[PDB]
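**Student:** quick one: initial chain(s) of a complex, as found there:
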Amino acid sequence: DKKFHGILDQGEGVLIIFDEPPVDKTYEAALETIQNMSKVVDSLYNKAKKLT
Amino acid sequence: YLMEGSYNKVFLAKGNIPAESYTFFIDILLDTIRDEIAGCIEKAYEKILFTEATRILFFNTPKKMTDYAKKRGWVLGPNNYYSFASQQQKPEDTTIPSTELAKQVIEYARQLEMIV
Amino acid sequence: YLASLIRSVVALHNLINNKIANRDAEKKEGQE
Amino acid sequence: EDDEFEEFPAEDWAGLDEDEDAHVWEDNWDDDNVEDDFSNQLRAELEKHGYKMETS
């Protein structure tokens, strides 16, 4: 349920709690703009097919 | 077998007997084969017994294998011990990049500034 | 990377605009 | 100047064999390695190795 980023260990009983940093947005966004730019390119393809 | 290192190629150099002229000439290759094999084994392991090294490089005697454990430079304890030369000193320095990557950055700038 | 890429797409769309303006200028260059 | 090709043979067809259709599909090379083997692969492995009788 993602409430404290740990890892339980059986056989020794150690509850390891590694610390996790946050997934930086500078990528997630750029995934979204590359994503979007495709759509542009497609529609731009249909504008290409008309003049020539 | 030669291009993608697979061995059992020293064994098939006496089994290609259907044409005898093959077995006369191919003997030459067998001095490069030993070299590539030891070239990989210099990195692939770190402790083997001596008689096994004699069974891998396709030697029959112990003497030959002393000479060839002397050219590569290994020690002769109870098991033939290796020296770490796979990644002896890592590439943990981007100080060596330093100048080169700065050249590259400058280059991008040239393409974004040129008059095209 | 992202920057240069968008830059490229935009410039290219500029080029499409030139080509189409050229075709429609070629229909005028004829006529009378 | 040229504008033609006519130096290579071709194949043209209207009997076309089928695969995964691609429209925006992810087109993974993983899904051509199976054949909807997944129901079969369970049943046969639960009887053969007895992990429907011995093991729950």
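**Tutor:** Nice, thanks for sending it over. Residues are numbered from 1 along each chain as shown, chains lettered A, B, ... in the order given.

**Student:** so which strand or helix has whichever residue of chain D sits closest to chain A?
**Tutor:** Taking C-beta to the nearest C-beta, chain A has its nearest neighbour within chain D at residue D:24, 10.1 Å off. Quick note: C-beta positions are derived from backbone N, CA and C, even for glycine. Residue D:24 is part of no helix or strand when elements are defined by DSSP states H and E.

**Student:** For burial, what's the neighbour tally of it?
**Tutor:** 5 (other C-beta atoms under 10 Å in any protein chain shown).

**Student:** Could you report the separation of it from chain C?
**Tutor:** According to C-beta to the nearest C-beta, to the nearest Å, residue D:24 and chain C sit 20 Å apart.

**Student:** can you check residue B:20 too?
**Tutor:** 62 Å.

**Student:** How many residues are close by residue 35?
**Tutor:** All of this is about chain A. 9.

**Student:** To clarify, I was referring to chain D.
**Tutor:** 8.

**Student:** Look at residue B:82 and say how many residues are nearby.
**Tutor:** 19.

**Student:** Please name the nearest non-neighbouring residue to it.
**Tutor:** Ranked by C-beta to C-beta, 6 or more residues apart in numbering or on different chains and with sequence neighbours excluded, the top spatial neighbour of residue B:82 is residue B:46, at 4.6 Å.

**Student:** please slot chain E in as well:
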Amino acid sequence: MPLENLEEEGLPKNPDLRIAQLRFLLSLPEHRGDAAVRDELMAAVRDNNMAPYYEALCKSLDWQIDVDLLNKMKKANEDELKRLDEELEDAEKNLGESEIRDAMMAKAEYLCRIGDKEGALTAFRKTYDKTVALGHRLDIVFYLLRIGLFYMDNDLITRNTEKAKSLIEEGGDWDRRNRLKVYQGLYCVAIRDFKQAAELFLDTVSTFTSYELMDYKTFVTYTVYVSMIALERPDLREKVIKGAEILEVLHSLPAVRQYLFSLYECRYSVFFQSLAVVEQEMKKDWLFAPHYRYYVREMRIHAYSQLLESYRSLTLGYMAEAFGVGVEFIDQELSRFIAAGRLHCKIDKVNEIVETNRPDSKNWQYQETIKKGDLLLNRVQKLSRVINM
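**Tutor:** Chain E added:
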């Protein structure tokens, strides 16, 4: 009266989806021939069955072309195609627009309940150019969006989806904006996507008013089926398992209750033992999504991920008994998904310990970026060829 609203308040059945789609996929002779199919088709014989797209059903499927049947439906076909055009001709001397519209609509509607795709497409497109009312315009845009689903063409769907959102904003008439979501979601889930499909489907369970497409128990089934794919842990704890419609309808279907609760209770024997039955039962036999391998192959990833995100180390001996299977089965599967970089662990078959690891974060990005990006650079490459030329 029977549960208040039941089997009413629907759009007309003119494109006659699913019954007339499903009868076609299950009209392939490698899983069913027999009269179970033929019956379905006879219902479509009673609604006049003369369309060269019916001669092209008896042609592609190699069913037998009985000329004695097709000329009675051709006779009926012609009788109402002349009756309707005479309704129209006499309707260009009576009222204006007000009365002409409904003749032209009675025509377009009937060129497609008899299954003639093209004539129908032009009668619809000729009535839409004759605009007047917002609600009607919408209705005949949904007609194209159903018909466009029952021959399953994508261009035909895209332009009408985006032409529908516009007319949905001009009126804001919300209740339509729902059923646009069920269409657009159905389409979103034909082609893979699930993500967006799970948002759409899952956020309108309460306002399912559509028929034609599903019955409603059906619709619920698909919702569960996708939500266990795109949504992650406590996204699904709230949206699904603690919801309203979900629990009530699931309550009368083990085919979803037992497939859902089990993935959540971590009862990984029940989970597989069902997942098979759900692959065959409804994936292969209904027009869900002809990537029936992709949904399972994905599901097994998801699951092995759960029973490996909580344990620094656990041995194959513990999973084999925990999935009900044996060591070989798991060995193959897990090795192939680790080779595909889907799981994020690794195994060693000396001890049979399954150590994990915690890379993730950016390491999965970039990877992803380069993927998408090279796709993009390629489409722009090709484009620059068509432009410079």
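
**Student:** Could you re-examine the neighbour count of residue A:35 with chain E now present?
**Tutor:** 11.

**Student:** quick one: which helix or strand includes it?
**Tutor:** helix A:25-51.

**Student:** any bit of that helix sitting next to chain D?
**Tutor:** No - using C-beta under 8 Å from any C-beta of the partner chain, we find that helix A:25-51 stays clear of chain D, coming within 10.1 Å at best.

**Student:** Check the offset of that helix from the chain's centre.
**Tutor:** 18 Å (C-alpha atoms, centre = their mean, to the nearest Å).

**Student:** How about that helix, which residues are buried there?
**Tutor:** In terms of neighbour count (16 or more other C-beta atoms under 10 Å in any protein chain shown), helix A:25-51 has its buried residues at A:27, A:30-31, A:34, A:37-38, A:41, A:44, A:48.

**Student:** what's the answer for stretch B:39-58, then?
**Tutor:** So, applying 16+ other C-beta under 10 Å, buried residues of stretch B:39-58: B:42, B:48, B:50, B:53-54, B:56-57.

**Student:** For it, give me every contacting residue.
**Tutor:** B:5, B:10, B:30, B:34, B:37-38, B:60-62, B:64-65, B:68-69, B:72, B:76, B:78-82, B:84-86 (C-beta atoms under 8 Å, 6 or more residues apart in numbering or on different chains).

**Student:** sequence below should go in as chain F:
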Amino acid sequence: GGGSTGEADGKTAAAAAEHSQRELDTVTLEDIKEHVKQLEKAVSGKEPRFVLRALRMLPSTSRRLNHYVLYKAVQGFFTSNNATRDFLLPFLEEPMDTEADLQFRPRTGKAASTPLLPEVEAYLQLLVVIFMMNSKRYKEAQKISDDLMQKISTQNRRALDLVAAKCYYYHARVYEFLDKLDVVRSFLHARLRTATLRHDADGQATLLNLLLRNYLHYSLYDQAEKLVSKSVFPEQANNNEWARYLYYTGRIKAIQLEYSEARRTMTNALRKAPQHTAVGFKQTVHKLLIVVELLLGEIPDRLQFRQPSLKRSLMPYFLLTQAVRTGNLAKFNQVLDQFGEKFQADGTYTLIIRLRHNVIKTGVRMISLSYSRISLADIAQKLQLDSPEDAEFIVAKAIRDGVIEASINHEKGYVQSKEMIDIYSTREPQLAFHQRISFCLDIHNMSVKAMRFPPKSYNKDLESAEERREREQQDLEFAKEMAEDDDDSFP
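**Tutor:** With chain F added, the chains above now look like this:
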């Protein structure tokens, strides 16, 4: 006979092919009268030559003719004295002229002893060759036609070199049925070096292509390699020509063990063949691209096998990839066994057998990323290898080629992975980007540098125009100047 095909297809299906025949005459009156003449008229061999590019689509529509009933009088309109009209008429089956007359007089026949008459002579005789081979004639009507055309192009001036491009092309094609004469190899050679000193880029490229095709149809790969290197492919060349050259130079780079360059040329090739159609050329460059990526050590994308008509020709390869990607020798032997006969349908089979190196390269680099340590006894069982003896040597080789980064403990019998890098401490991602943005950016200087031309045609339109507007304004500033001396009211 009325009611049958003795009059429905004897005079009414022949009369329609006579309307189309007599329309084709009107078309070559615009290919020759307007355009072949325009070459020398006012452009000295420019855009009116790309209207003779039409020589591609005109053989398909030369079925409107039968080297027609009106032809004897058509080559005789074009000329007064000609020895090609005295070969061409021997090679006609039967001209039986009718009362139609092209726009030539006894005055446009005197005036047609032109340096344009070599262009027409070759241009039409080319048509004679096209049909001569369609009808499955060769021998005398082959050689003679061609060699008279090889005496035509020996002449001077730089415009004939261009049409001689097409000449050479058909020359080789017909020479290639009976038996691809290596005799021509010398002619080509001699005419090639000549073209390098006349600096006829076009002819130079085209010719160089048919030459490379000669060396390649036989096993003279060394001879093409040293050549491709030592020679400079012209800069201006029609794209078709550039696609040929980029398919051949890539073929060569591929055979001499250099998949590196190949996969990058191969691809450029696929993307220069004309878009809408090009069926065969594309259909084959695929059969090679698919294997150069595999050989290189990379999986080909799936879209190459989801394509309209050319999906029926790739079907065997699909099961090569089934085996290569997965990583085991068993399936590779079985699949290259059933379909081996067809792979041997071209000279590709030499490249294929090499993949045995890569199916094991991948099988093993796949085991390294699946596991952390495993015994050699099992490594041999997943790879369908030989012995546990063979395995240890194979893995070892991998290591020394930095393609697995692991280690071996032999006194216990297991290979052990050293994997524990987070890719970002590498430069790798920065090298990958340094690749991306150089490519990308190059597109941005390039497409502005070609966008330059549309603005140029507009600058050809006046950008100092409407001088009478400016002169009217100047005549308003003398009324305005004094309007303000009269609003001041001061002298």
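
**Student:** again for the neighbour count of residue D:35, chain F present now?
**Tutor:** 9.

**Student:** do the same with residue E:353
**Tutor:** The burial count for residue E:353: 17, using other C-beta under 10 Å.

**Student:** Hmm, it is touching residue E:347, no?
**Tutor:** Yes - under the criterion of C-beta atoms under 8 Å, residue E:353 makes contact with residue E:347 at 7.4 Å.

**Student:** quick one: contacts for the closest residue to chain A within chain F?
**Tutor:** Per C-beta to the nearest C-beta, residue F:275 is where chain F lies closest to chain A, at 10.8 Å. Listed by C-beta under 8 Å, 6+ apart, the contact set of residue F:275 reads E:385-386.

**Student:** let's see 10 Å
**Tutor:** By C-beta atoms under 10 Å, 6 or more residues apart in numbering or on different chains, the residues touching residue F:275 are E:382, E:385-386, E:389, F:282.

**Student:** Most neighbours of all those, which one?
**Tutor:** In those, the most neighbours by other C-beta under 10 Å go to residue F:282, 21 neighbours.

**Student:** For chain B, which segments are assigned as strands?
**Tutor:** Ranges of strands in chain B, per DSSP state E, are B:47-49, B:75-76, B:79-81.
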